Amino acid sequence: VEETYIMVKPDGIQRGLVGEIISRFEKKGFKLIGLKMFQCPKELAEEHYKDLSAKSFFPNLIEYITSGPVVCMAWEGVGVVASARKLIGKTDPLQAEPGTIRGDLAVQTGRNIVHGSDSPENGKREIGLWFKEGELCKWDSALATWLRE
């Protein structure tokens, strides 16, 4: 079953939005299989944003993502990748639509409180990078039959 990586950025923790963001995906109906408050070491952050090493904002990006603890999450479900992206909203919170996480709870791209894998491949890549295999938990949801036929 498809999985995706969702991460509450440092500003989300500082603003006390961890529970609220988790609740949005819980209420949606997806299965949480990985969760941890984590202090991202610089090298791991730089590997995540590897493709942007040549960009002028790279230094700022790394400083930001390591400026405080983040909350790493892995969610499972059919279509979870695209759905999570939709629930999170556009990159720029000002443009993100009301109803989405960034559209309801953020005002600037550089402090857009949360991240979601943009594709199933990046979903697997990110979960493998941020989590240590033994950290994911498998379980049978009692409401499974009522969330999907």
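All residue numbers refer to positions in the sequence shown, first residue = 1.
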### Query
Which has higher Cα B-factors on average according to the PDB entry: 3-11 or 140-148?
140-148
### Task
Select between 30-38 and 44-52 the stretch whose C-alpha atoms have the higher average B-factor in the entry.
44-52
### Query
Looking at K124, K86, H115, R102, which has the highest CA B-factor as recorded?
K124
### Summary
Top Cα B-factor in this entry, restricted to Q108, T66, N60, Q95, sits on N60
